[PDB]
């Protein structure tokens, strides 16, 4: 009824009802998240779901290609809020196979504004150029890129003042490079989990585990 998004308000009452086991109360009561999930705006599947947890149990940021810019106060804000105030136990940068962002980059594809944003990802391409070479294919490189991208981003988090300060001040925290396949639902561990400024080794290891 000119509702514009009527369909959506219907699919909504539709949803609201299906949850008879009365508990939006459970949700509204949910307590502190213990995780920050930084992921891609290709919200192919939601975080809590993927990882099988109640919603809101995971604190979420999403930008195109799950990029952490040193100077992005959008994300930094999220992080300082998750760490300093929610005392989340774990931050994890989760990339996703077949990401439209990492694609558009890779194949120097003009998009307009966001080209600027994807430069960040082109940088990872540049950074790991030779490595990405010895995978002379397509999907390999791509896979390997969305992987590398997630590791670097993690380096970014770990270099933040927010995080370094938390470690400085004793607060337990660990930061994970992580990827998931939208194809197979499964979630891959890159062995990228820093906990104290031992990044130099933890990452070198993790990046070794490409070596074509």
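Residue numbers count along the first chain shown, from 1.
Higher mean CA B-factor, judged across 98-106 and 133-141 from the recorded values: 133-141. Between 187-195 and 14-22, it is 14-22 that carries the larger average Cα temperature factor according to the deposited entry. When the C-alpha B-factors of 50, 27, 177, 69 are read from the PDB record, the largest value belongs to 27. Ranked within its chain, residue 171 lands in the highest third, by CA B factor from the PDB record. Placement of the Cα temperature factor of residue 61 within the chain: middle third of the modelled residues, per the deposited record. Residue 156 sits in the middle third of its chain by CA B factor, as recorded in the PDB entry.
Compared with the other modelled residues of the chain, the Cα B-factor recorded for residue 40 ranks in the middle third. Ranked within its chain, residue 32 lands in the highest third, by CA B factor from the PDB record.
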